[PDB]
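See below for the structure under consideration.
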Amino acid sequence: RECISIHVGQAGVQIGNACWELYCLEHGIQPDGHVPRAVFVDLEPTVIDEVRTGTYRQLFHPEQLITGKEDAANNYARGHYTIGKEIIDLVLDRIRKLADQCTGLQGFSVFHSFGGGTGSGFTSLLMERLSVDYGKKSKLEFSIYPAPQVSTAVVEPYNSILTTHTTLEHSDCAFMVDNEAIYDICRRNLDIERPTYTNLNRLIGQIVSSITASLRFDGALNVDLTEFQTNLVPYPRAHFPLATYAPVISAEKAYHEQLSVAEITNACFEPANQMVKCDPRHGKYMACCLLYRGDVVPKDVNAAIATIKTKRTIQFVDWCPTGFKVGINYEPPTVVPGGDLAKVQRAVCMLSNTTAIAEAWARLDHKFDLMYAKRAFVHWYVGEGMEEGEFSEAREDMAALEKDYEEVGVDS
Amino acid sequence: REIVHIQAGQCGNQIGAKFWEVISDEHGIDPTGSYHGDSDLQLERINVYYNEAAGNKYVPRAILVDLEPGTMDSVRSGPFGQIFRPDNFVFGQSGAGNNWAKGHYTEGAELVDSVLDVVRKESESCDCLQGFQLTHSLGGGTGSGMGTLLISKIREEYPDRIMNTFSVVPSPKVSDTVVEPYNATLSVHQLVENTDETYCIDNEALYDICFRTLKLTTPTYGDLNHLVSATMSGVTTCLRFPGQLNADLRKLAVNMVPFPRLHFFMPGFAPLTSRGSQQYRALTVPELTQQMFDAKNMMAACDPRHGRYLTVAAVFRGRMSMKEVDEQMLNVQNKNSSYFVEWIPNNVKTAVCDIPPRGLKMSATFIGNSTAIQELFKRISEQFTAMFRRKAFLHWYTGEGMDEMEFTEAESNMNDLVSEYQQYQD
Amino acid sequence: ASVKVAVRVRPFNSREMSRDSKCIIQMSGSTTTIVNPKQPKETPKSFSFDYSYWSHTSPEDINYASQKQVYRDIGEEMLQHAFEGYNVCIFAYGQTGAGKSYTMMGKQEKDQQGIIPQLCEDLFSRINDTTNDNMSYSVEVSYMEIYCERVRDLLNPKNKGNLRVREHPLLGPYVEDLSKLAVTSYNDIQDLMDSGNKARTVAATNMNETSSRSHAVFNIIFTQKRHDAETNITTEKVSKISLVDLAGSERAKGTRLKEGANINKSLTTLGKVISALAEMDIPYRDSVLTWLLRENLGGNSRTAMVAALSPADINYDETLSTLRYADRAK
Ligand SMILES: CC(=O)O[C@H]1C(=O)[C@@]2(C)[C@H]([C@H](OC(=O)c3ccccc3)[C@]3(O)C[C@H](OC(=O)[C@H](O)[C@@H](NC(=O)c4ccccc4)c4ccccc4)C(C)=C1C3(C)C)[C@]1(OC(C)=O)CO[C@@H]1C[C@@H]2O
Ligand SMILES: Nc1nc2c(ncn2[C@@H]2O[C@H](COP(=O)(O)OP(=O)(O)OP(=O)(O)O)[C@@H](O)[C@H]2O)c(=O)[nH]1
Ligand SMILES: Nc1nc2c(ncn2[C@@H]2O[C@H](COP(=O)(O)OP(=O)(O)O)[C@@H](O)[C@H]2O)c(=O)[nH]1
Ligand SMILES: Nc1ncnc2c1ncn2[C@@H]1O[C@H](COP(=O)(O)OP(=O)(O)O)[C@@H](O)[C@H]1O
Ligand SMILES: [Mg+2]
Ligand SMILES: [Mg+2]
């Protein structure tokens, strides 16, 4: 029934504090109410401390807040092997101590930031140690994969080609939200050149609320977590769909809010609104899980979608007749009291697997080579319990992820 | 986390006074007083530079190494001079001769053990050690020789903790000493092989940047020092503050050093406007990157425009949009694709603290790893040969128990170091 | 070729026997393929080298790559390069227990001697059988262990302390106070080998298991003195021969942070050097090993590496890693 969550890496923790905020906010549980149902991991104390100093301070147990005073290191190796190792046990312990206390759970919603040290590496083995300790569950990892041109870390790809290959054979469904492609939404669909990280977080903090929160919440067309991976992954590769939200209108500027279904659903497939720089440049969808929430008439959907199924310029895979999982919830969304999110009475958090990422992975793989081609910051990992193996052998890994996402599509 | 500063030589020392003059105020620590901190955040992370004893006396955890009493006895007899626990003063009343050899093999080699002693008392202080800060000048005895030894020993004692080095590489135009390239070439040698992050500053790159970027007409040393100390505060201490995207020595190290040499950077501060007038506030952000990335404004002597970059780290510290930050960096990376090296898709390492420099609204330290610094070790290396060839003031070295193969060694080494760096400019 | 690379697979060892391991390595010509035990229905990954030595069976087998065969392909040509006046290097690389020491030193008995004793024997044989009054020679030898950035003299039982590698300001790197012995015969250099090999495996070496965690370097300084009766003067030609038995490539768990760091650094650096050498048709100071052997790894020099491979399924990961490392050497 439940779904634990492990927010790993400063980012996964910032986003965590955010997604965790939106929660109580739409459940009437102020600062000090019940008890969360997740944990927080980081090898840099000062960040988890922000959850220990700032807002939502006492809504957590100093037990579900793991820290390694030591060093973060923007390098996979160190975070996965060398350092990150020391903490893992302890980490697990909570996701085994928190996993017990419950009643027939469904899985762990993992929150990490692909291209980091504590986020890429660590998790790599966290999800790793999970796939074995609970192979019998769902492993949906919600990632924030590398901005297409606006990356931060100098190494980023090293850290992301490595978190992909190690987690690939362990996740159930990996959701992806592109940090940059979300900015566009903040520039083009909300207008603000002042987007603090605290915003992107409010956003995913939204799209995510549509996943677990409301879905695990009764409705006219419930959709379990398992449901996802089933209706969402055509193949064992921990396939990565993309998150998209519909009423991303500004709560100040424009106001046409009352945008009946027929509109908000069409607003999902236009590439300028998908929290991912993977513009459907060719990527044929192969399965979409349209999660609606608020006042929505099933016919409105079983029509708004029909209209789409016949737009053709939206070309769905061949081997897939119908790939539209319609998830209907009741309670409308719940916008921050005064952030910058419109606040409509219905939304569409549609996520999907698109042959599109054939790109995004490509463009991120290429990156890697360029540097590896010169070993660039390699000495930083080797000296951290890794080898020419793990790199070269994780490169070959993704290689067959560029062929995979190619074969499962583009062909009939 | 933590670090333990090291004031090698007079310069490195003189600067200590300025690095601590600053940092303290950037942490509300009065002479011997405690934390008067205008805020409450300038305290949760202080440890990085102090120690708890009394309850109002957080003492800087640095080392003051020097073979010339008068110096430390000027730093200890002035302003903040009375905050260092006397135990910190590792003096060498000997003749602090201006010979690299006199402070690395003969005179300094003795005072070393009585230093390492303390560098251990401070390291084994508490919590977890990160690395050590090292200030000095590569143009003298107590600086290049004895300080370059202090590290060769440090890096044998904790090849784990990092080693940032702040070197005052011999300014071009005019040398404030004569053997300079001797004391220098010999210390850079030791650097390229122990510390793993070096920030090279040039007394004349400063003047310039201090007489034209600060209409300042009488730039006393105190100033130069002050400007420098401003950068080393943005680097370390800063990142030991919160931030949307914070880093720390390692991130800085693990994002800036593609190849083990250690490589040297060139620090640059952001708001560098003259007092009254200039106080233009054009600091939205494009103004800071405008600054940081220009030629002038690079504490180094060489000009970036004269050689690609391998890595860059804009360590900003003042509330800004992870969008207008992450964005700007890009155009910058495209307007100058020419010089920014290609085999690194994203050279730049954007870092973002929150709280800014006490009295300012928005700043951003720049730590550049450009291939341009090739054209400096060249300089140094040249000066050597031109004088080595004739063994100029060599008797002051050998006569101090040195080797004719020692000088050969260093030059070559550091000389090769020039070579390599070009391997990327191409 | 300035860089030659060979791989060699050995017979099952005791751990593999007790494990009932399957052989996952097969060879054909210059090609070595490796099967992923967890994926038997694939086509094996293929690799091509200057030589793929199949020594997984035994000398009783018609197709078994003997110590003699390996030496005559790799060692013999190296010695010839030394007689021609230039420096050479032969490295044995691979996982602990894969066959590095066996390939380099081998066994003390008949038929099992490695590259080092065969090369030494060949050298003295060519010298003593050199007929010419104008040609005289000198052979000097050194045998050491490089462990954690410090050097151990294997030819001096009381090597009192750990000698440092230093860089002479003009003549290059060298190990301070390291003993260099002049030998005038094979049985004599053979005596030194046995004596040094003995020191590598004494009981005290099991404390830090230096037999598998340090790099063993056997150096020979070969000097050829050429007299000339016309205008009466000798011209000296000096060749440096370095035969290396590297630390186990898997220690690059139970491995100390600094041992691992140094070993990784050493092997990683050596890899860059060799790939660069093969490129030419270089960060030497990055490790003590590559720093001490810089002169034997120059553009004039010649290098060869023999990568030892375990045959069993249980070592797939390390063996693949070794093959990739050899493939990069080029
Ligand atoms: C009324 C007002 O706003 O005054 C400003 C000011 O006029 C200007 C010109 C300051 C001023 O700085 C200088 O004139 C200067 C003198 C010698 C060397 C270098 C700089 C200022 O003195 C410096 C001072 O800086 C700080 O307070 C920072 O926290 C800074 N502190 C120190 O350097 C410091 C100085 C004395 C004692 C202890 C610390 C800092 C910067 C980075 C990291 C840590 C601390 C500031 C904003 C000002 C004055 C006071 C006029 C500027 O410099 C800095 C470092 O902020 C020079 O260009 C900038 C722009 C500022 O607006
Ligand atoms: N959406 C979003 N992205 C973030 C946030 N914080 C960081 N990121 C992104 O995630 C990556 C940064 O990872 P880091 O903060 O460097 O590292 P980490 O993953 O927390 O772990 P360490 O490297 O060990 O510190 C970059 O690509 C950032 O753009 C956040 O709050 N929200
Ligand atoms: N920025 C700066 N440079 C200094 C200071 N003092 C000496 N220098 C520089 O240091 C070099 C001289 O070395 P010095 O510090 O006297 O050596 P030592 O005292 O014998 O170790 C010259 O290039 C000076 O410009 C200072 O307070 N600030
Ligand atoms: N080709 C070979 N023929 C016979 N025995 C071999 C062969 N290669 C290795 N061995 C045996 O395998 C073991 C592993 O080799 P050494 O012991 O060479 O290990 P390492 O590679 O660690 O130095 C030794 O017992 C050796 O006798
Ligand atoms: Mg972090
Ligand atoms: Mg062996």
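Letters A, B, ... go to the chains of the structure tokens in the order shown; residues in each chain start at 1; ligands are counted from 1 in the same order.
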So that I can check the surroundings of stretch 252-261 of chain A, please list as a PyMOL selection string every protein, DNA and RNA residue that reaches within 9 Å of it, counting only C-alpha atoms and ignoring chain neighbours fewer than 3 positions away. chain A and resi 190-191+247+249+264-266+296-297+300-301+304+340-348
Output N, CA, C and O atoms for every residue in the selection just made, as a PDB file, in the first residue's frame.
```
ATOM      1  N   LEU A 190       5.356  31.032 -17.363  1.00  0.00           N
ATOM      2  CA  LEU A 190       5.158  31.498 -16.005  1.00  0.00           C
ATOM      3  C   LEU A 190       5.834  32.852 -15.883  1.00  0.00           C
ATOM      4  O   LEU A 190       5.494  33.670 -15.027  1.00  0.00           O
ATOM      5  N   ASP A 191       6.800  33.070 -16.764  1.00  0.00           N
ATOM      6  CA  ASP A 191       7.541  34.318 -16.824  1.00  0.00           C
ATOM      7  C   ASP A 191       8.215  34.714 -15.515  1.00  0.00           C
ATOM      8  O   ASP A 191       7.560  35.180 -14.581  1.00  0.00           O
ATOM      9  N   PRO A 247      -1.548  22.420 -16.220  1.00  0.00           N
ATOM     10  CA  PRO A 247      -1.773  23.836 -15.869  1.00  0.00           C
ATOM     11  C   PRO A 247      -0.591  24.486 -15.202  1.00  0.00           C
ATOM     12  O   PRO A 247      -0.589  24.675 -13.986  1.00  0.00           O
ATOM     13  N   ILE A 249       0.283  27.469 -15.427  1.00  0.00           N
ATOM     14  CA  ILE A 249       0.036  28.872 -15.689  1.00  0.00           C
ATOM     15  C   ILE A 249       0.438  29.727 -14.476  1.00  0.00           C
ATOM     16  O   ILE A 249       0.462  29.242 -13.349  1.00  0.00           O
ATOM     17  N   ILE A 264      -5.957  21.424 -21.262  1.00  0.00           N
ATOM     18  CA  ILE A 264      -4.828  20.988 -20.433  1.00  0.00           C
ATOM     19  C   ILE A 264      -4.137  19.694 -20.908  1.00  0.00           C
ATOM     20  O   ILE A 264      -2.974  19.456 -20.595  1.00  0.00           O
ATOM     21  N   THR A 265      -4.854  18.866 -21.652  1.00  0.00           N
ATOM     22  CA  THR A 265      -4.295  17.620 -22.140  1.00  0.00           C
ATOM     23  C   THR A 265      -3.499  17.848 -23.400  1.00  0.00           C
ATOM     24  O   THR A 265      -2.534  17.149 -23.679  1.00  0.00           O
ATOM     25  N   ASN A 266      -3.909  18.824 -24.175  1.00  0.00           N
ATOM     26  CA  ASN A 266      -3.207  19.098 -25.398  1.00  0.00           C
ATOM     27  C   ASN A 266      -1.910  19.804 -25.010  1.00  0.00           C
ATOM     28  O   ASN A 266      -0.887  19.708 -25.704  1.00  0.00           O
ATOM     29  N   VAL A 296     -12.859  16.227 -13.355  1.00  0.00           N
ATOM     30  CA  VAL A 296     -12.712  15.674 -14.699  1.00  0.00           C
ATOM     31  C   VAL A 296     -13.718  14.551 -15.005  1.00  0.00           C
ATOM     32  O   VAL A 296     -13.809  13.557 -14.277  1.00  0.00           O
ATOM     33  N   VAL A 297     -14.465  14.728 -16.092  1.00  0.00           N
ATOM     34  CA  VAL A 297     -15.454  13.752 -16.541  1.00  0.00           C
ATOM     35  C   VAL A 297     -14.769  12.733 -17.427  1.00  0.00           C
ATOM     36  O   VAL A 297     -14.214  13.070 -18.471  1.00  0.00           O
ATOM     37  N   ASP A 300     -14.835  13.231 -20.948  1.00  0.00           N
ATOM     38  CA  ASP A 300     -14.006  14.349 -21.349  1.00  0.00           C
ATOM     39  C   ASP A 300     -12.637  13.820 -21.703  1.00  0.00           C
ATOM     40  O   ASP A 300     -12.032  14.231 -22.692  1.00  0.00           O
ATOM     41  N   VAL A 301     -12.157  12.891 -20.885  1.00  0.00           N
ATOM     42  CA  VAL A 301     -10.853  12.277 -21.097  1.00  0.00           C
ATOM     43  C   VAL A 301     -10.944  11.283 -22.233  1.00  0.00           C
ATOM     44  O   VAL A 301     -10.214  11.380 -23.220  1.00  0.00           O
ATOM     45  N   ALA A 304     -10.825  13.485 -25.163  1.00  0.00           N
ATOM     46  CA  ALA A 304      -9.713  14.409 -25.297  1.00  0.00           C
ATOM     47  C   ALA A 304      -8.506  13.586 -25.724  1.00  0.00           C
ATOM     48  O   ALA A 304      -7.646  14.054 -26.461  1.00  0.00           O
ATOM     49  N   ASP A 340       4.223  30.975  -7.142  1.00  0.00           N
ATOM     50  CA  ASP A 340       4.013  31.546  -8.468  1.00  0.00           C
ATOM     51  C   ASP A 340       3.206  30.609  -9.352  1.00  0.00           C
ATOM     52  O   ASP A 340       3.053  30.850 -10.550  1.00  0.00           O
ATOM     53  N   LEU A 341       2.681  29.543  -8.752  1.00  0.00           N
ATOM     54  CA  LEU A 341       1.877  28.563  -9.480  1.00  0.00           C
ATOM     55  C   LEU A 341       0.430  29.034  -9.506  1.00  0.00           C
ATOM     56  O   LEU A 341      -0.154  29.328  -8.461  1.00  0.00           O
ATOM     57  N   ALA A 342      -0.133  29.104 -10.706  1.00  0.00           N
ATOM     58  CA  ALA A 342      -1.509  29.547 -10.918  1.00  0.00           C
ATOM     59  C   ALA A 342      -2.490  29.162  -9.812  1.00  0.00           C
ATOM     60  O   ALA A 342      -2.855  29.981  -8.968  1.00  0.00           O
ATOM     61  N   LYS A 343      -2.900  27.895  -9.856  1.00  0.00           N
ATOM     62  CA  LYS A 343      -3.861  27.267  -8.941  1.00  0.00           C
ATOM     63  C   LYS A 343      -5.186  27.073  -9.678  1.00  0.00           C
ATOM     64  O   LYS A 343      -6.137  27.853  -9.541  1.00  0.00           O
ATOM     65  N   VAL A 344      -5.213  26.010 -10.468  1.00  0.00           N
ATOM     66  CA  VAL A 344      -6.358  25.639 -11.276  1.00  0.00           C
ATOM     67  C   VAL A 344      -7.183  24.616 -10.500  1.00  0.00           C
ATOM     68  O   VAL A 344      -6.844  24.268  -9.368  1.00  0.00           O
ATOM     69  N   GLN A 345      -8.267  24.146 -11.107  1.00  0.00           N
ATOM     70  CA  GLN A 345      -9.121  23.142 -10.486  1.00  0.00           C
ATOM     71  C   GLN A 345      -9.091  21.868 -11.307  1.00  0.00           C
ATOM     72  O   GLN A 345     -10.112  21.211 -11.497  1.00  0.00           O
ATOM     73  N   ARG A 346      -7.904  21.537 -11.794  1.00  0.00           N
ATOM     74  CA  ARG A 346      -7.695  20.340 -12.580  1.00  0.00           C
ATOM     75  C   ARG A 346      -6.335  20.444 -13.263  1.00  0.00           C
ATOM     76  O   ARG A 346      -5.942  21.523 -13.715  1.00  0.00           O
ATOM     77  N   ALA A 347      -5.621  19.322 -13.330  1.00  0.00           N
ATOM     78  CA  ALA A 347      -4.299  19.282 -13.935  1.00  0.00           C
ATOM     79  C   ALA A 347      -4.016  17.916 -14.519  1.00  0.00           C
ATOM     80  O   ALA A 347      -4.705  16.939 -14.207  1.00  0.00           O
ATOM     81  N   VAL A 348      -2.984  17.861 -15.360  1.00  0.00           N
ATOM     82  CA  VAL A 348      -2.564  16.629 -16.035  1.00  0.00           C
ATOM     83  C   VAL A 348      -1.077  16.384 -15.917  1.00  0.00           C
ATOM     84  O   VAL A 348      -0.283  16.999 -16.634  1.00  0.00           O
TER      85      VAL A 348
END
```
Residues flagged alpha helix (DSSP H) by DSSP in stretch 51-108 of chain C, as a VMD selection string: chain C and resid 67 to 70 76 to 83 100 to 104
Output of the above residues as a PDB file, in the first residue's frame, restricted to C-alpha atoms:
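Everything below was put into result-v8.pdb:
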```
ATOM      1  CA  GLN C  67      58.216 -20.499 -21.094  1.00  0.00           C
ATOM      2  CA  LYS C  68      60.583 -21.052 -23.998  1.00  0.00           C
ATOM      3  CA  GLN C  69      58.030 -19.943 -26.609  1.00  0.00           C
ATOM      4  CA  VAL C  70      57.092 -16.775 -24.717  1.00  0.00           C
ATOM      5  CA  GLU C  76      64.692 -12.658 -27.335  1.00  0.00           C
ATOM      6  CA  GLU C  77      63.863  -9.624 -29.532  1.00  0.00           C
ATOM      7  CA  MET C  78      64.214  -7.317 -26.541  1.00  0.00           C
ATOM      8  CA  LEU C  79      67.708  -8.546 -25.739  1.00  0.00           C
ATOM      9  CA  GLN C  80      68.579  -7.932 -29.359  1.00  0.00           C
ATOM     10  CA  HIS C  81      67.355  -4.350 -29.023  1.00  0.00           C
ATOM     11  CA  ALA C  82      69.688  -3.989 -26.055  1.00  0.00           C
ATOM     12  CA  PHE C  83      72.659  -5.249 -28.060  1.00  0.00           C
ATOM     13  CA  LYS C 100      52.924 -12.704 -13.446  1.00  0.00           C
ATOM     14  CA  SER C 101      55.798 -14.123 -11.353  1.00  0.00           C
ATOM     15  CA  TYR C 102      55.683 -17.462 -13.184  1.00  0.00           C
ATOM     16  CA  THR C 103      56.054 -15.678 -16.529  1.00  0.00           C
ATOM     17  CA  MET C 104      58.857 -13.382 -15.382  1.00  0.00           C
TER      18      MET C 104
END
```
For ligand 2, list the contacting residues at 8 Å or closer, counting only C-alpha atoms and all ligand atoms, as a PyMOL selection string. (chain A and resi 8-15+42-44+71-76+79+112-120+144-147+150-153+156+177-180+197-201+204) or (chain B and resi 244-247+251)
Using only C-alpha atoms, which chain A residues lie at most 9 Å away from chain C, written as a ChimeraX atom specification? /A:82,379,382-390,392-393
d(atom CA of residue C:14, atom CA of residue C:248) in Å: 17.9 Å
Show me, as a PyMOL selection string, the residues that have an atom within 8 Å of stretch 299-314 of chain B when counting only C-alpha atoms, minus same-chain residues fewer than 5 positions from it. (chain A and resi 154) or (chain B and resi 171-172+200-202+204-206+209+228+252+255-258+266-268+338-341+344+347-351+364-373+375-376+424-425)
Selected residues written out, N, CA and C atoms, as a CSV table (one decimal), in the first residue's frame:
```
chain,number,residue,atom,x,y,z
A,154,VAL,N,31.9,19.8,-13.4
A,154,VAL,CA,32.8,19.7,-14.6
A,154,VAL,C,32.7,18.3,-15.2
B,171,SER,N,56.5,38.6,-9.7
B,171,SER,CA,55.9,39.5,-10.7
B,171,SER,C,56.9,39.8,-11.8
B,172,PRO,N,56.4,40.0,-13.0
B,172,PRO,CA,57.3,40.3,-14.1
B,172,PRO,C,58.1,41.7,-14.1
B,200,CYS,N,48.0,31.4,-7.6
B,200,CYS,CA,49.1,32.3,-7.9
B,200,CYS,C,48.7,33.8,-8.1
B,201,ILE,N,49.2,34.6,-7.2
B,201,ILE,CA,48.9,36.0,-7.2
B,201,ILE,C,50.2,36.8,-7.6
B,202,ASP,N,50.0,37.9,-8.3
B,202,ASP,CA,51.1,38.8,-8.7
B,202,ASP,C,51.1,40.2,-8.2
B,204,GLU,N,52.0,42.8,-9.1
B,204,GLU,CA,51.8,43.8,-10.1
B,204,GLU,C,50.5,43.6,-10.9
B,205,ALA,N,50.0,42.4,-10.8
B,205,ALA,CA,48.7,42.1,-11.5
B,205,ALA,C,47.7,42.8,-10.6
B,206,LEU,N,48.1,42.9,-9.3
B,206,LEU,CA,47.2,43.5,-8.3
B,206,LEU,C,47.3,45.0,-8.4
B,209,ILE,N,45.2,45.9,-11.3
B,209,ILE,CA,43.8,45.7,-10.9
B,209,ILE,C,43.4,46.5,-9.7
B,228,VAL,N,43.8,40.2,-2.1
B,228,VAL,CA,44.0,38.8,-2.2
B,228,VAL,C,43.2,38.0,-1.1
B,252,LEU,N,35.8,21.7,-5.6
B,252,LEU,CA,36.7,22.7,-6.3
B,252,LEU,C,37.9,21.9,-6.9
B,255,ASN,N,36.9,19.2,-9.6
B,255,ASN,CA,36.2,19.7,-10.8
B,255,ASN,C,37.2,20.6,-11.5
B,256,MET,N,38.3,20.8,-10.9
B,256,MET,CA,39.3,21.7,-11.5
B,256,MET,C,40.6,21.2,-11.9
B,257,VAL,N,40.9,20.0,-11.5
B,257,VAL,CA,42.1,19.4,-11.9
B,257,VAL,C,42.0,18.2,-12.8
B,258,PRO,N,42.1,18.4,-14.1
B,258,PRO,CA,41.9,17.3,-15.0
B,258,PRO,C,43.1,16.4,-14.9
B,266,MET,N,44.1,31.0,-11.0
B,266,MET,CA,44.2,32.4,-11.0
B,266,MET,C,42.9,32.9,-10.4
B,267,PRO,N,42.9,33.4,-9.2
B,267,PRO,CA,41.7,33.9,-8.6
B,267,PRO,C,41.3,35.3,-9.0
B,268,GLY,N,40.0,35.5,-9.0
B,268,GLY,CA,39.4,36.8,-9.4
B,268,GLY,C,38.2,37.1,-8.6
B,338,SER,N,36.2,29.9,-28.5
B,338,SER,CA,37.6,29.9,-28.9
B,338,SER,C,38.5,29.5,-27.8
B,339,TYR,N,38.6,30.3,-26.7
B,339,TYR,CA,39.4,29.9,-25.6
B,339,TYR,C,38.6,29.4,-24.4
B,340,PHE,N,38.5,28.1,-24.3
B,340,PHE,CA,37.8,27.5,-23.2
B,340,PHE,C,37.9,26.0,-23.3
B,341,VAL,N,38.9,25.5,-24.2
B,341,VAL,CA,39.1,24.1,-24.5
B,341,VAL,C,37.8,23.4,-24.8
B,344,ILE,N,36.0,19.3,-22.9
B,344,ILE,CA,35.3,19.4,-21.6
B,344,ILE,C,34.0,20.1,-22.0
B,347,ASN,N,33.2,23.3,-19.0
B,347,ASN,CA,34.4,23.6,-18.3
B,347,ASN,C,34.0,24.2,-17.0
B,348,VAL,N,33.1,25.2,-17.0
B,348,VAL,CA,32.7,25.9,-15.9
B,348,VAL,C,32.0,25.1,-14.8
B,349,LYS,N,32.4,25.4,-13.5
B,349,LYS,CA,31.8,24.7,-12.3
B,349,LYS,C,31.1,25.8,-11.6
B,350,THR,N,29.8,25.9,-11.8
B,350,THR,CA,29.0,26.9,-11.1
B,350,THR,C,28.9,26.5,-9.6
B,351,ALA,N,29.1,27.4,-8.7
B,351,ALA,CA,29.0,27.2,-7.3
B,351,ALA,C,28.2,28.3,-6.8
B,364,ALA,N,31.3,37.0,-6.2
B,364,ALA,CA,31.5,35.7,-6.8
B,364,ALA,C,33.0,35.5,-7.1
B,365,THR,N,33.6,34.6,-6.3
B,365,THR,CA,35.0,34.3,-6.5
B,365,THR,C,35.2,33.5,-7.8
B,366,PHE,N,36.3,33.8,-8.5
B,366,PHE,CA,36.6,33.1,-9.7
B,366,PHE,C,38.0,32.3,-9.5
B,367,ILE,N,37.9,31.0,-9.9
B,367,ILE,CA,39.1,30.2,-9.7
B,367,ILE,C,39.4,29.6,-11.1
B,368,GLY,N,40.2,30.2,-11.9
B,368,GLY,CA,40.4,29.7,-13.2
B,368,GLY,C,41.7,28.9,-13.4
B,369,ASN,N,41.5,27.7,-14.1
B,369,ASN,CA,42.6,26.8,-14.4
B,369,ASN,C,43.0,27.0,-15.9
B,370,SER,N,43.3,28.2,-16.3
B,370,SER,CA,43.7,28.3,-17.7
B,370,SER,C,45.1,28.0,-18.0
B,371,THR,N,45.2,27.6,-19.3
B,371,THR,CA,46.5,27.2,-19.9
B,371,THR,C,47.4,28.4,-20.1
B,372,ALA,N,46.8,29.5,-19.8
B,372,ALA,CA,47.5,30.8,-20.0
B,372,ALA,C,48.7,30.9,-19.0
B,373,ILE,N,48.5,30.3,-17.8
B,373,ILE,CA,49.6,30.4,-16.9
B,373,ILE,C,50.8,29.7,-17.3
B,375,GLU,N,52.5,30.9,-19.9
B,375,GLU,CA,53.3,32.1,-20.1
B,375,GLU,C,53.7,32.8,-18.8
B,376,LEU,N,54.0,32.0,-17.7
B,376,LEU,CA,54.5,32.7,-16.5
B,376,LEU,C,55.6,31.8,-16.0
B,424,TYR,N,47.3,21.0,-23.9
B,424,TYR,CA,45.8,21.2,-23.8
B,424,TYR,C,45.4,22.5,-24.5
B,425,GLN,N,46.3,23.4,-24.5
B,425,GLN,CA,46.0,24.7,-25.3
B,425,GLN,C,45.9,24.3,-26.7
```
For a quick check of understanding, using only C-alpha atoms, which of B:284, B:398, B:419, B:175 has the smallest distance to chain A?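 With only C-alpha atoms as the atom set, the closest residue is B:284.
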May I have the residues of chain B within 12 Å of chain C, counting only C-alpha atoms, written as an MDAnalysis selection string? chainID B and resid 156:160 186 189 192:194 259:262 402:414 416:417 419:421 423
Rounded to one decimal, what separation in Å do you get between atom CA of residue B:238 and atom CA of residue B:88?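 A separation of 24.0 Å between them.
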Neighbourhood of ligand 6 at 7 Å, counting only C-alpha atoms and all ligand atoms, reported as a PyMOL selection string: chain C and resi 96-97+99-101+211-212+245
Nearby residues (only C-alpha atoms) at most 12 Å from residue C:74, same-chain spacing under 2 positions excluded, as an NGL selection string: :C and (1-7 or 50-53 or 67-72 or 76-81 or 88-92 or 103-104 or 114-116 or 118-119 or 243 or 302-306)
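Considering only C-alpha atoms, the residue among A:48, A:242, A:19, A:182 positioned nearest to residue A:69 is A:48.
One distance worth recording is that between atom CA of residue B:336 and atom CA of residue B:286, which is 15.1 Å.
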Would you please work out which residue, of B:223, B:30, B:426, B:2, is nearest to ligand 1 when using only C-alpha atoms and all ligand atoms?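 Closest candidate: B:223.
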Distance query stretch 229-232 of chain A at most 10 Å, only C-alpha atoms, self and fewer than 4 positions along chain excluded, as a list in words: residues 138, 139, 140, 171, 172, 173, 174, 223, 224, 225, 236, 238, 239, 240, 241, 286, 287, 288, 289, 323, 324, 325, 351, 352 and 353 of chain A
Which of stretch 93-198 of chain B end up as strand (DSSP E) when DSSP is run on this backbone - answer as number ranges by chain? B: 131-136, 162-167, 197-198
Find, counting only C-alpha atoms, the residue in B:128, B:191, B:138, B:90 that gets nearest to chain A.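 Closest to chain A, using only C-alpha atoms: B:128.
Counting only C-alpha atoms, stretch 363-372 of chain A has the following residues at most 9 Å away, ignoring those fewer than 3 positions along the same chain: residues 146, 148, 155, 156, 157, 158, 160, 161, 358, 359, 360, 375, 376, 377, 378, 391, 392, 395, 398, 399 and 402 of chain A; 342, 343, 344, 345 and 346 of chain B.
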